[PDB]
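All values below were derived from every heavy atom in this structure, side-chain atoms included, with hydrogens, water molecules and symmetry-related copies excluded. As the structure lists them, so they are numbered: ligands from 1, and atoms in each ligand from 1. Here, residue 1 is the first one in the sequence, and each next residue gets the next number.
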Amino acid sequence: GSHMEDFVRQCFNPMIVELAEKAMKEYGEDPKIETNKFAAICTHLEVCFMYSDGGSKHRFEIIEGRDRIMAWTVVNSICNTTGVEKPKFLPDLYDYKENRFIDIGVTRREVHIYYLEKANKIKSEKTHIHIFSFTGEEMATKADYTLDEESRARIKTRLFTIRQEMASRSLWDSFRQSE
Ligand SMILES: O=C(NCCOc1ccccc1)c1nc([C@@H]2CCCN2C(=O)CCc2ccccc2Cl)[nH]c(=O)c1O
Ligand SMILES: [Mn+2]
Ligand SMILES: [Mn+2]
């Protein structure tokens, strides 16, 4: 019964918490034990949702937060109708405006490092990458940040708020060192 599990539950909204614990279940991890990862997935989820709200009405298709079969199902439907490369790994969103998949990263480390690590792993030329940090830095593929500045700023604000809430509860160091 960790302080972190209770913090997560009153910091993120119940829909986010539900989706996160389900995602961990499907991959056989326990939110009760792997608490830092629990917080990370909720954070990643909330960022993806704020991101998808950033655009026009139906600009983004949300792939993160689905179960794996349905997520892949939507990917092939997008691919088989837009003639776009089928990625090796599940992206987080699809941008109908820019006709590309997006994987969103959230890191406690330096954004350059995390970006470099992600590009190698995804091993998809076409997948756009957009990294946010808890300190307010962002790095996006080809310097193309997709959204306007204000949508990205509220994401960065929320991320820094989470960091303060954690640190005020002494969970930040453990969370920072866990990545
Ligand atoms: O979609 C992603 N992974 C597919 C699902 O993998 C799970 C694996 C275990 C449980 C539940 C799910 C994804 N993974 C990652 C990173 C590096 C690769 C593995 N990883 C993580 O396990 C970190 C925690 C995480 C899990 C899921 C979603 C977001 C995060 Cl942060 N970073 C993304 O930005 C991203 O989108
Ligand atoms: Mn994802
Ligand atoms: Mn992601």
Checklist entry - At the Mn ion (ligand 2), what is the angle formed between atom OE1 of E64 and atom OD1 of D92, rounded to the nearest 10°? => result 90°
Item to check | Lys NZ or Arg CZ of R154 over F49 ring: under 6.0 Å, within 45° | outcome: no
Checklist entry - So between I104, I41, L45, whose heavy atom ends up nearest atom 34 (O) of ligand 1? => result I104
Next on the checklist: So for ligand 1, is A23 a polar contact partner (N or O within less than 3.5 Å, distance only)?
Outcome noted: no
Checklist outcome for this item: Paired with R100, the side-chain hydrogen bond (donor to acceptor under 3.5 Å, both in side chains) test is passed by just one of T127, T82, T141, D144, namely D144
Next on the checklist: Below 2.8 Å, can you find an N, O or S atom of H44 next to the Mn ion (ligand 3)?
Outcome noted: yes
Checklist entry - Any N/O/S of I104 under 2.8 Å from the Mn ion (ligand 3)? => result yes
Checklist outcome for this item: Per-atom filter on ligand 1: closer than 4.0 angstrom to a heavy atom of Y114 are 32 (N), 34 (O)
Checklist entry - Counting only N and O atoms by type, is there a donor-acceptor contact under 3.5 Å from the side chain of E179 to the main-chain atoms of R108? => result yes
Next on the checklist: Distance check, rounded to the nearest 0.5 Å: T135 atom OG1 versus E110 atom CD?
Outcome noted: 8.5 Å
Next on the checklist: With a 4.5 Å cut-off on side-chain heavy-atom distances among I, L, V, M, F, W and Y, is there a chain of contacts connecting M15 to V47?
Outcome noted: yes
Checklist entry - N/O of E29 under 3.5 Å from N/O of ligand 1, yes or no? => result no
Checklist entry - Is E165 salt-bridged to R169, going by a charged N under 4.0 Å from an acidic O? => result yes
Checklist entry - Counting only heavy atoms, which portion of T43 has something under 4.0 Å from ligand 1: side chain, backbone, both, or neither? => result neither
Checklist entry - If you measure from each non-hydrogen atom of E26 to ligand 1, which part falls under 4.0 Å: side chain, backbone, both or neither? => result neither
Item to check | Shortest-distance N, O or S atom of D103 relative to the Mn ion (ligand 3) | outcome: OD1
Checklist outcome for this item: Distance col, row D95:CG vs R59:CZ, nearest 0.5 angstrom, shows 4.0 Å
Checklist outcome for this item: A student comparing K37, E179, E64 should find that the heavy atom closest to atom 28 (C) of ligand 1 comes from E64
Next on the checklist: Can you give me the closest heavy-atom contact between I104 and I102, atom names plus distance?
Outcome noted: CG1-CG2, 3.8 Å
Next on the checklist: Considering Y27, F38, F89 one by one, which has a heavy atom nearer to atom 4 (C) of ligand 1 than any of the others?
Outcome noted: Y27
